[PDB]
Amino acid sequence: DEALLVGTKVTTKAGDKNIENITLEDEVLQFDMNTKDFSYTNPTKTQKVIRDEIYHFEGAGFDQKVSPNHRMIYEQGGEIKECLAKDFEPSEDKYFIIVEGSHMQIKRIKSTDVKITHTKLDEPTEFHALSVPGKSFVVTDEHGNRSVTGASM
């Protein structure tokens, strides 16, 4: 429902762990939406759901494959905002959050540089979700790029 495609890697203190393998005992790199600070915290819940539609955001080192009602996290003005994937409308003033290198350096890319595909999948597949106190956490795509994505509330 508010989930990420199976095999999405979640950045933890130890490395980049397949989301379907995350437990409540893992130390996940969260991003606090109120403070913009990075920290490792335990997820308070994990979710497994099977769906057949996906929103694929792709551009400029940003790649997320999410459920329709997954919370997308972006910066606008000086504030960190959320929007459901199916509702997100790119604009020059809304920026997705990339985390570059080993020092957790924030790079903000224009959402208008990110293509959005809404796909009906040929067959159902598993999507997974985490809840963390900061309400967002860092995922790593197939090309080693890290970005901030919404947690389930």
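For every residue, the number given is its place in the sequence shown, counted from 1.
- Looking at mean Cα B-factors across 121-129 and 43-51, the upper value is held by 121-129.
- The deposited model assigns a higher average Cα B-factor to 33-41 than to the other stretch when 33-41 and 107-115 are compared.
- When all modelled residues of the chain are sorted by CA temperature factor, residue 91 is found within the highest third.
- Among all modelled residues in this chain, the alpha-carbon of residue 13 has a temperature factor (C-alpha) in the middle third.
- Among all modelled residues in its chain, residue 83 ranks in the middle third by Cα B-factor.
- The PDB entry assigns residue 27 a C-alpha temperature factor belonging to the lowest third of its chain's modelled residues.
- Ranked within its chain, residue 69 lands in the middle third, by CA B factor from the PDB record.
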